[PDB]
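In structure tokens, the next block holds one chain alone, the form deposited in one PDB entry.
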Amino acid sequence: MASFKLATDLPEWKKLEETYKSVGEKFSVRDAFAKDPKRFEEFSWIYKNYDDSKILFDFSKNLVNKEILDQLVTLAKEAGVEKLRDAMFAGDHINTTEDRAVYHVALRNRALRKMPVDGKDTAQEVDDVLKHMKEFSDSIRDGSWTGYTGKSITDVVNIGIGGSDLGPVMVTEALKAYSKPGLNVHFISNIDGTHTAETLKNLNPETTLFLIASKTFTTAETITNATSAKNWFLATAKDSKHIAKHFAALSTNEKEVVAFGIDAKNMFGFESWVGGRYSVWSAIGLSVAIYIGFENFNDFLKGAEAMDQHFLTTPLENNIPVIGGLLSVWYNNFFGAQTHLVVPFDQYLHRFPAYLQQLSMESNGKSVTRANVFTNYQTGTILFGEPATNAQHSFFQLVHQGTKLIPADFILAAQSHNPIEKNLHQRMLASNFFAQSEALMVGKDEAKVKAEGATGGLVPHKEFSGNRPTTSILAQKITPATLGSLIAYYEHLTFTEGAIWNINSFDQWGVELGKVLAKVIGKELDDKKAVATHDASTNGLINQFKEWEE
């Protein structure tokens, strides 16, 4: 139970509103650098990972100074961010609406610290699943697990949706440099039959392995997809005994897995206290272990663990995910910026924004606090993004010259996995990273536009305001460990935001509703009659569909 009801009840909230009007609204980043020669040092932090690799988190181009950050830290203290964090790590049931622990941090407890739920350590139970994952993924990779005709597996198809899909997708794409030729992964997720048809069309049943990924093992889309995949498999295999070499399950529900025809020995389990959008660290990450090997997957976990330790043990004023979360609150609640842009200067990370979009928005898109009252202040932001340099050629127009503040995170690795042409591409990429954040800060004034040759009415069109904020995140290399730390950064940022707003970051009563009105209409689409059971728009759309369907 909550120590306060509303974020607006915390004394520092009004003080921040007043600082916004006196200092924040008209904040000049150019002036801040001129006032404070040490600003880069003061507003950048080096994170050291467990493997002694490093990531620089530079917040110094944000609309923040010492006064503002000190106030945000006081707000975090008033909100009990540390109390809630500590309860999370203690295994307390801080998912109050589902009455569940929130223990993705236990999934990556590779040190085997005591991490109890309901007074019982989880360290060994988690480790045992990882050992099963190692054994199975090793046998897929070395050919000792063969298909029904005695061939090594060449293609692994994950079937799942939401938290049972997007993490596997994003992480296999991100760490594809660590894959091996001849072993491919695929991801079926949409119920749209296109997804199944296009994915399976050119695969060989004899050498394809399915992972059916579902926490509940009841999700409409996933079980239907999995059934259609089984039918494809059997169209060639022509005997149900062959299923056992070709289908495994990633779930919390052993009874429903067995009911589907998968042997319990090929179920990779996890617990209720793993949220889908926090699940890639669990059995749900099996596709990643198969694609890049268990040891790389373990390194990914250890990266998360090291960031967890940083979050747990660091005073707020130097705690990197907390700082990111405080700046998000600053922009969301005081500037009224509705969005948060994440731009990886990295093609492997092309699905990173999409993954973070689920993490962030599904966590923090809430209107009710832990005191069970409605928020009349803003909660979760809308997170979006695409990789650079492409984004620079497209919606960066609006980032630079539009009327909306869009706080932005830019991410670059100093070293490429693909340093082709003697690192020419990489140097060009990095130059863009530095130059874009610089430009967003410094802008281009009327005098400069004139000096560059514009006259008369053209001039204002070529001006740039500057003072457009960015956070720059520079890693040495996007290894498994680094990616693990980067995701955990955003997990704990998300945590911080939710703690300040006093929401439950860990339920999802909208995604849960997502299965009820659809079943009602599904049955109406199976009947022949025109429908009149809904509002006129829903009826009209259904009836028009009925006239146009096959």
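Here, rigid core means the biggest group of C-alpha atoms that superpose within 1.5 Å across both forms. Note that residue numbering follows the sequence shown and begins at 1.
Not pictured, yet referred to below: the form deposited in another entry.
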Response to the item:
Comparing between this form and the one not shown on the core: of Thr207, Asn253, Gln358, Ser179, the CA moving 2 angstroms or more sits at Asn253
Worksheet item: Under a superposition restricted to the rigid core, does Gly522 display a Cα displacement of 2 angstroms or more between this form and the one not shown?
Response: no
Discussion item. Superposing on the rigid core, I want to see if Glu512 changes position between this form and the one not shown - specifically a Cα shift of 2 Å or more.
Written reply: yes
Worksheet item: Relative to what is shown, are the Cα atoms of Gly514 and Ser279 closer or farther apart in the other form, where the gap shifts by 3 Å or more?
Response: farther
